[PDB]
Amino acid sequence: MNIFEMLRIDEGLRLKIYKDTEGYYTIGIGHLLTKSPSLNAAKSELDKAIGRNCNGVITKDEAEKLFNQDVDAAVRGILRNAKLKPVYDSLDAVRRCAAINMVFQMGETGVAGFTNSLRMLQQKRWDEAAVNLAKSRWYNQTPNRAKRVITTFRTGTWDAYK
């Protein structure tokens, strides 16, 4: 297991524009295109991202390329964020994958309310952090995926993905 395999499990792979769990146009391995309700707006974002006129469809290679860019962007966003970087750097590699997973799903803004969870994670109070992480819209709206991520933070193992 690694972050790519983890997120590939959580996000799936679809080569045509689809709607994510929130109803937003997405493609590939969970690549958000737009929050606009306009399919044309999503198609424009797709063409811009791939560099050709795709009319809503990409290849597996293209999906994997976008996915690598998106994982890297999540990592570099963590490293540039004064709140997230100290916690991230305190974690082991398996738990760092759980952190990337959350940033990939929700962005830096979506994790802004996790201040108390971040403190518990930095303190290595794993069961306490796991309880706190579940008290969230995130957990309630995507409970099976949140449970896997939370188990990863709780245990520092890949058990939830095996």
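Start at 1 and count along the sequence shown; that's the residue number.
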{"item": "Between the two ranges 121-129 and 104-112, the one averaging a larger CA B factor in the entry", "value": "104-112"}
{"item": "Stretch exceeding the other in mean C-alpha B-factor - 53-61, 26-34", "value": "53-61"}
{"item": "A42 by Cα B-factor - lowest, middle or highest third of the modelled chain", "value": "middle"}
{"item": "Third of chain Cα B-factors occupied by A146", "value": "lowest"}
{"item": "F4, C-alpha B-factor rank within chain (lowest, middle or highest third)", "value": "lowest"}
{"item": "Among modelled residues of the same chain, the CA temperature factor third for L79", "value": "highest"}
